[PDB]
Every structure is written in structure tokens, then in C-alpha cells.
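In the form deposited in one PDB entry, a lone chain appears below as C-alpha cells.
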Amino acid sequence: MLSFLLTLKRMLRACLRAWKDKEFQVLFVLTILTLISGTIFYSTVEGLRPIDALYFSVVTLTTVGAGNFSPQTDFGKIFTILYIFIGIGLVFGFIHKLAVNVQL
């Protein structure tokens, strides 16, 4: 049990340690900006309550997927399609970073 905690502590440090990487920071800021753009878009174009626009934005950008909603307008559909690829682009970026920070 003491090993668990010491490993947990080491791992948690490593995580916070990665929060120092400028590229990880960019990816993160880029992700927040994307989630905000999405929240603004869906509430405006699809007329969703801000909290619902962020929710759809989140489950969409992470590939989780929404269980009861899909854009009703053609503008929203087109946007969601491009939105998804930005999300995949961001995920690839994070993964590439990992792959790089593991091989040095």
C-alpha cells in the first residue's frame, strides 16, 4: 500500500511535470480555444443553452459522442464535421508528443 502511494506520487509528479512543456501548453490552450469556439457556435447557430453547447462540443471533440443530439442545420453539420477533425488533429498532436518524450 505504501508502494502504491509512492508510485502514485511519482506518476502524479510526472504528470504535473509535463504541464511545464510549452508544446503541451499550446495543445492545451488550443483545446480550450476550440471548446470555447464550439460552445459559442452551437449556442448561436443551433440555439443550445451555453452549457449544452459546451457539452456537445466536449463529447464531439473527444469522440465520446452525444447520445441525444445532432446538429439540426446544414451549417451546424458542416461545422461539426470540421470540428471533429480538429479534435483528431489535437489528439494526434498530444500522442506525437508522448511518443517523442518517451524516446530520448
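The numbering used is simple: start at 1 and walk along the sequence shown. Between two forms, the rigid core is defined as the largest C-alpha subset superposing within 1.5 Å.
For the pair 13 to 21 and 88 to 96, the mean B factor over Cα atoms is greater in 13 to 21. Stretches 54 to 62 and 39 to 47 differ in mean C-alpha B factor, with the higher average recorded for 39 to 47. Ranked by Cα temperature factor within the chain, residue 31 sits in the lowest third according to the deposited record.
One more form of this protein, deposited in another entry, exists but is not displayed; see below.
Here residue 95 counts as shifted, since its C-alpha moves by at least 2 Å between this form and the one not shown after the core is aligned.
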